[PDB]
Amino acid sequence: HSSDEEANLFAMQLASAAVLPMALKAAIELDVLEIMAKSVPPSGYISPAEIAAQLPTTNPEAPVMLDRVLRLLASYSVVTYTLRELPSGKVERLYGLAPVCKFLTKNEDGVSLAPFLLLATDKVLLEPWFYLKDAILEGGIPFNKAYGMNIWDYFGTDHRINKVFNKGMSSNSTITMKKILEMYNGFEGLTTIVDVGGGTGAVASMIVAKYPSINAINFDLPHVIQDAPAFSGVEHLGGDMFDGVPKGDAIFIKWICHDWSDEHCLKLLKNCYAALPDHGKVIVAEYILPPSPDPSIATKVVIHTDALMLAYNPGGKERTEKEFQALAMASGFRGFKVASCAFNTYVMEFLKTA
């Protein structure tokens, strides 16, 4: 029918679906979205030739090649567009920023999700996808099949991707934690907080900024900590969390549990229980898997991240709120609180006492 026509066209759209994130990657790497944000008012539009005039190029085709990339981004509403008729009767397009561009260009604090997109579309993280069929048939982890070691060991050998990853995570966490800290009061009154797997320390620096008397420890692998900027109030410390974690009044773990199997999460969580005082807690910041494969963007983000963990991590996966309760119970915690949520990230507390 028109029915068969629609099914065929959707199949073609799926086949070429990687054109969208790769076009967007090129637009971000060329600084297009920043040039648009600084060159016209928030509600205005700019031509591809005026954008290209701010790139360091003499390529006569740069305007049309940008138009082609921007038209693909416009079709998905990543940028806005308006049409302007030409004397020939042909029409050209001028482009503006759509609401998603607020998160793809630097905000008042100089952060966005653009480094996160540059991480997600890096050649290094695309390669494991070619080994997913093998891992399903033969066992194993697609990343390890591509690289011969686990991802964190690999990042300790490839300095470029270590920095790309750490910056991707730091920028994404800055945006999420800025929102959580406006709503969540669970750090108030702590003497010491430990960010286990804290990366380059962005979250711990924001906690100490909000609560200047808190003593904060940012704990991660030593190839990450070596790149961590100094921040007043934060002590950076290298190590392996599965051997033990630093003591504190609370331990914060953001996007750690979803990297690991249930068994490895229990080992880590018991190390955290051992590190806390009797009345201490673990503050767990993670997505929560929805109950069905619904088409919403928020659910797609979680299920995309579940698929990433499948490709990258040994046993990592997304979990439901009950599955998080089960991890807390089996590692000895007695209370469980869903305390706040921001950009899909829920903040749960695993309380040693209830």
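In this text, residue numbers run from 1 along the sequence as written.
Relative to one another, 345-353 and 2-10 have unequal mean CA B-factors, and 2-10 is the one with the higher figure.
Stretches 33-41 and 284-292 differ in mean C-alpha B factor, with the higher average recorded for 33-41. Of all the options 325, 313, 47, 299, the entry's greatest CA B-factor is assigned to 313. Note on the listed residues 269, 113, 237, 234: the highest Cα temperature factor in the record is that of 234. In this PDB entry, the Cα temperature factor of residue 59 sits in the middle third of its chain's modelled residues. The PDB entry assigns residue 205 a C-alpha temperature factor belonging to the middle third of its chain's modelled residues. Among the modelled residues of the chain, residue 165 sits in the lowest third by CA temperature factor in this PDB entry.
Ranked within its chain, residue 157 lands in the highest third, by CA B factor from the PDB record. In the PDB entry, residue 102 places in the middle third of its chain by CA B-factor.
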